[PDB]
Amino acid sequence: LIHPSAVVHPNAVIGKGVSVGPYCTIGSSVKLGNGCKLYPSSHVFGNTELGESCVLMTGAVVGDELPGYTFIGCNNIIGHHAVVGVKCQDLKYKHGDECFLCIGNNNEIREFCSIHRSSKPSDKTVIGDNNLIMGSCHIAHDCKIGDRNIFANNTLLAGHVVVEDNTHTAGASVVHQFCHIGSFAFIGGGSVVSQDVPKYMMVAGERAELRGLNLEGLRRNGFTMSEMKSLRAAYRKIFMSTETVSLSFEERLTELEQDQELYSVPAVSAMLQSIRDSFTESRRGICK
């Protein structure tokens, strides 16, 4: 059901039951899965594939003519004027280089979002499944985003930011290049995050500081009573050991591994590993 005014290149691969509104353009090397719907004045460019039942709202632009690809899974909604799979802003990007973007399934990318392709041919911007990305979010070159995350309006993820699963960022969060955000984390409104946020934790305010565990999120995500009790105890041992082993972060981490009562709990072990990862090569440490 392609409106007569639309410009659909004869070599575009158009699935069954695809609907294309007036004044859309679809390029020669685009593949649209069955049931896709393009609202009026939406656009797909370049070497680009959408899975079944994706929706482009008015003004949405997916793909660009730069070498490489934009690959998107099924049941994604691309909001009004969202720009998804375009050239990165990295000055080190070399003209004519292939660049890549991969998006999974069941994501909602809201109005005015910008999601950029990778900065080099060996790398890729990656978004998983079931993410809600609210209006005016920016996802820079080479970000790696997992599943079931919620990014509120105006969340800015700079280059090479890594986000795991089930995280929440509140409005106008700014995440510095190369920072990692562990699963179930919470970033408070207007936070400027310049170091890693470990698994299960929350950061907030100005140049953001660690503020404890994301207990509300843990509760909402089916963590048991004693799971959260163990995590709080482990948190206390690591960060709030005010009287013992002065000027030693790793020694407190060590004492947690040895503490068989806490370390045998899977979430505690995962949290401890999350923390140690922040001090491995190139990684930026953790928020203060």
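Numbering starts at 1 and runs along the sequence shown.
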- Stretch with higher mean Cα temperature factor, 211-219 vs 148-156, is 211-219
- Query: Got a sec? Mean C-alpha B-factor, which is higher, 220-228 or 246-254?
  - Reply: 246-254
- Query: Going by the deposited entry, which of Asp64, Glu49, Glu52, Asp259 has the highest CA temperature factor?
  - Reply: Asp259
- Item | C-alpha B-factor winner, where the candidates are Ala234, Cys36, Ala60, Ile26 | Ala234
- With respect to C-alpha B-factor, does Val203 fall in the lowest, middle or highest third of the chain as deposited? highest
- Message: Quick check for you: using the entry's CA B-factors within this chain, is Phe100 in the lowest, middle or highest third?
- Response: lowest
- Could you look up the Cα B-factor of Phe112 in the entry and say which third of the chain it sits in: lowest, middle or highest? lowest
- Message: By the recorded C-alpha temperature factor, relative to the other modelled residues in its chain, which third is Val8 in?
- Response: middle
- Position of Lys92 among the chain's modelled residues by C-alpha B-factor, lowest, middle or highest third: highest
